[PDB]
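Quick setup: one chain, the form deposited in one PDB entry, written in structure tokens, and binding and motion questions come after.
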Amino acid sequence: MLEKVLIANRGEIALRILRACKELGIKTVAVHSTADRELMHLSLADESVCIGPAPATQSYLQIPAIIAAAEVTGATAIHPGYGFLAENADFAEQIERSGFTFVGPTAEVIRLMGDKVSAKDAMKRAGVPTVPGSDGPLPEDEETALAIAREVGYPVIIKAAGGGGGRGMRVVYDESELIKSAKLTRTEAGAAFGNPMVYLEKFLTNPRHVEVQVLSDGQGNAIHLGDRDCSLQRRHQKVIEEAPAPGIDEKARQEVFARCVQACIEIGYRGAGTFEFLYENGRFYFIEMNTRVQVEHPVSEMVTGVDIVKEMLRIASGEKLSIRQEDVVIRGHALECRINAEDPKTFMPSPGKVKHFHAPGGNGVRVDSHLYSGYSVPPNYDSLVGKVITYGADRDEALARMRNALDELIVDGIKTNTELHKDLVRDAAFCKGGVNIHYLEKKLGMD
């Protein structure tokens, strides 16, 4: 087992990772900005190192600072969490060059899947179905671009190859705007991601965001932990997730599970990963693979009883996967609400002192949050303050418990999106289930 892990992150995921280390008997090192000195997990950590000022670019994204924290503290491994340097291949390659273990896939695998054009192509070779589009990038050549779009069929979507966080995409409804829309997206992709390449996909009008959770040990073994539906989105940013995805063709799903697990073994995947799919009319279409732990890993943990982060850390310490697919039984249904410190109506982030925090509880209620009473949320980072996660015998039961949980949650002192969640879990279409990726904004929408 890994001697000592440095947690190269903050907030709730940092606390999540610390919990898993402690269960495994692993020594923890926390890194933090000057603005995050109040973070809950710092006091629970064995060692703590301030690695820069408030701005993320000068702290958490500062690779040299994180590597020096490991060297002084004698960390043997580094967990990147999600975001920041989790899918930064230079980070991975740098830490391994310095003789540390990375709790994630190989740097090359991060690059293979991080470039969304080569990822799609790797999935085609693995016989995993893909969203119809350009076979590779969309060329600047006007004649060729226009012919490709025509063959796919409008509407299409232009997507950044190096894209992330739902940014660098543009939808084109008729051919007269394709070239100028592509021109604009490449420019915007150039600044935001340092790669101006874009590709073309069919714009799917009624899909659901369904994704497959995998774990792979890098020694020939891989399993899935079912799927998740994450269709409720605002600006391509997920708000609620659930597992398993309800109302899915069982044959289609069972087929996609096999393909994904088989791909892990092909490409040599090591750690936790997620294949992201768009599901439409009984059929899956790959869009991307997240080569890290996900925000919404808990719903999958609820329905399988497999601890994804502990497995990650076991794999990283060099262990074979213990769990066989035989033993992975998806049971019940789980629901996650992302609790964000933002305005529930204007979505403007809401930093501040949490004068009083009270967490919901009871049967089938889990809470993952670094909040505590007296804690000040800083302005410098993402708006995620906690995740309320319910579990039941069925989807209706998970929904009933989220209502209850949401009723008891108090984050007094700042604004949250809690009232939005309260509406969503009473929304007729969502309570029915299987709403598409366009539903929330459409709903919001009517205003």
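Start at 1 with the first residue shown and count on from there.
Unshown form deposited in another entry; subsequent notes refer to it.
Trainee: Where is the hinge, among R37, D423, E408, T205, for the turn of one rigid part against another between the shown form and the other one?
Mentor: The listed residue located at a hinge is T205.
Trainee: Over in the other structure, so in the other form, do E255 and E151 pull closer or drift farther apart at the C-alpha level? The difference is 3 angstroms or more.
Mentor: They are closer; the C-alpha distance drops by 3 Å or more in the other form.
Trainee: Relative to what's shown here, the Cα pair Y154 and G282 differs by 3 Å or more in the other form. Does it come closer or drift farther?
Mentor: Relative to the shown form, the pair is closer.
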